[PDB]
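Just one chain is shown here, as structure tokens, and it is the form deposited in one PDB entry.
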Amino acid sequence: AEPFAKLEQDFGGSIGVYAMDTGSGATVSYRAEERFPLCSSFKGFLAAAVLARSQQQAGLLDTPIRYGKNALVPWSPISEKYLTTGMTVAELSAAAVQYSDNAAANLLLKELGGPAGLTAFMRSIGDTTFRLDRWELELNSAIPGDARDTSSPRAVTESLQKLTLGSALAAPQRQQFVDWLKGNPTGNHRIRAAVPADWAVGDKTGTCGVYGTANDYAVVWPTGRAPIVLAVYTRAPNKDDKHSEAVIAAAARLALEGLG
């Protein structure tokens, strides 16, 4: 705990970390079973849920969604761009992962039966911690003590392992999920700043902002070695506290360094 504890004193909040080396089975854990707000990080699992549904509902991914302007939400750069023409379920899924597109996330949540439907998918793969309760943008409130729209670093990492490396998704769906996670058009740092430059990274960030709340999870492939899965989540006690990308990167470095 000691290096992580010092880091969270410099941050002024709480940090939760879980990392697993899928080769050795080694793990690093700090506050890994505490709850933290998901923020936009749920959008990675949302896309995985859509891919899983496609296995039982062939034709889903190519379905055109001709949404109206009322479906749009602040920070929906792709769905706003294509408002006049519409987008397929697959295109909305790519936008939700790669651009954190909020309207795309709400439209896809509708396809799955809402936040409860996404939560049920996570339960179906063995994740009993994840809960999504609200839609964009309400889910980002990050109020201290509120368990709505939260998970734990350990549950996030374990679920990400199952979906990107395990057999929770069929291999073609799995490869699509990985490919979406590897796209980095918003140019995020965080875990990407912690890994060696030759490692491949599939990541999804979250930035509630309020209460210094921000996070990142990733599957990372060291060249020629077994992949590592990790999650770093933060929150802070005061509404006005600023999140820190540098703290997330620093905690991710410690996690990678702490593995055996």
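In this text, residue numbers run from 1 along the sequence as written.
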{"item": "Average Cα temperature factor in the PDB entry - higher stretch of 15 to 23, 234 to 242", "value": "234 to 242"}
{"item": "185 to 193 or 111 to 119, whichever carries the higher mean Cα B-factor", "value": "185 to 193"}
{"item": "Among 45, 217, 67, 36 - the residue whose C-alpha B-factor is largest in the record", "value": "67"}
{"item": "Residue 74 CA temperature factor, ranked by third within the chain", "value": "middle"}
{"item": "Record-listed C-alpha B factor of residue 163: chain third", "value": "lowest"}
{"item": "For residue 56, the third of its chain into which the C-alpha B factor falls", "value": "highest"}
{"item": "Where the record places residue 85 (Cα B-factor, split into thirds across the chain)", "value": "highest"}
{"item": "Relative C-alpha B-factor of residue 221, binned into the chain's lowest, middle or highest third", "value": "lowest"}
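The discussion below concerns the form deposited with a small molecule bound, not included here.
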item: Contact of residue 111 with the small molecule in the deposited complex (heavy atom, 4.5 Å); value: no
item: 4.5 angstroms heavy atom contact with the small molecule in the deposited complex for residue 91; value: no
item: is_contact(residue 102, the small molecule) in the deposited complex, heavy atom dist at most 4.5 Å; value: yes
item: Residue 64: touches the small molecule in the deposited complex, heavy atom cutoff 4.5 angstroms; value: no
item: Which of 221 to 229, 52 to 60, 23 to 31, 39 to 47 sits within 4.5 Å of the small molecule in the deposited complex, heavy atom basis; value: 39 to 47
item: Of 129, 164, 188, 140, the one that lies within 4.5 Å of the small molecule in the deposited complex (heavy atoms); value: 140
item: The small molecule in the deposited complex reached by all of 75, 206 and 209, non-hydrogen atom within 4.5 Å; value: yes
